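The figures that follow rest on heavy atoms only: side chains count, while hydrogens, waters and symmetry mates do not. The first residue in the sequence is number 1, and the count goes up from there.
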Amino acid sequence: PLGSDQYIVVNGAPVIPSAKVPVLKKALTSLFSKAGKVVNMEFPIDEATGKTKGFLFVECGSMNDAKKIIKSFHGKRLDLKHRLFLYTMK
């Protein structure tokens, strides 16, 4: 019912306003889905500025799904200014 080690932390992700999260979320999900199974993605928001904190959390539904995403996306360039870094959230 409940899984373990399926949560992963992502760093180096675009810091954008809240209204632009839906688009980015769908884009990142489509990307990560290529390598692993994605269940839910969260974009923590900074109350002070109304923008994302730059990092996010990804629930993959299973352990090996989270590890295949980390292995495939860690240290990769999302774009010019952004380079993603992933690791399992203990």
Contacts under 3.5 angstrom, residues 80-90 side chains, donor-acceptor by atom type, not counting sequence neighbours:
unit_1: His82; atom_1: ND1; unit_2: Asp79; atom_2: OD1; d: 3.1
unit_1: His82; atom_1: ND1; unit_2: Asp79; atom_2: OD2; d: 3.2
unit_1: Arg83; atom_1: NE; unit_2: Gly75; atom_2: O; d: 2.9
unit_1: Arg83; atom_1: NH2; unit_2: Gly75; atom_2: O; d: 3.3

- OG on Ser30 to NZ on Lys25, rounded to 0.5 Å: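 Nearest 0.5 Å value for the NZ-OG distance: 12.5 Å.
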
- Sorted by first residue and then second, give each salt bridge (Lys or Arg N to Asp or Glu O under 4.0 Å) pair with at least one member in residues 39-65; sequence neighbours left out. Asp65-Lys68

- Nonpolar side-chain network containing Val39, other nodes, edges under 4.5 Å: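 Besides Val39, the cluster holds no residue at all.
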
- Non-hydrogen side-chain atoms of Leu56 and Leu28 separated by less than 4.5 Å: yes

- Message: Under the rule for side-chain contact (heavy atoms from CB on, under 4.5 Å), what residues qualify as partners of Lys67, not counting sequence neighbours?
- Response: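 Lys67: side-chain contact (heavy atoms from CB on, under 4.5 Å) contacts with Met63.
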
Enumerate donor-acceptor pairs with a distance under 3.5 Å from any side-chain N or O in residues 3-22 to protein atoms, sequence neighbours excluded.
unit_1: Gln6; atom_1: OE1; unit_2: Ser4; atom_2: N; d: 3.2
unit_1: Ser18; atom_1: OG; unit_2: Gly50; atom_2: O; d: 3.1

- Item | ring pair (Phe, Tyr, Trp, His ring centres under 6.0 Å) contacts in which one or both residues fall within residues 34-55, not counting sequence neighbours | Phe55-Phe57

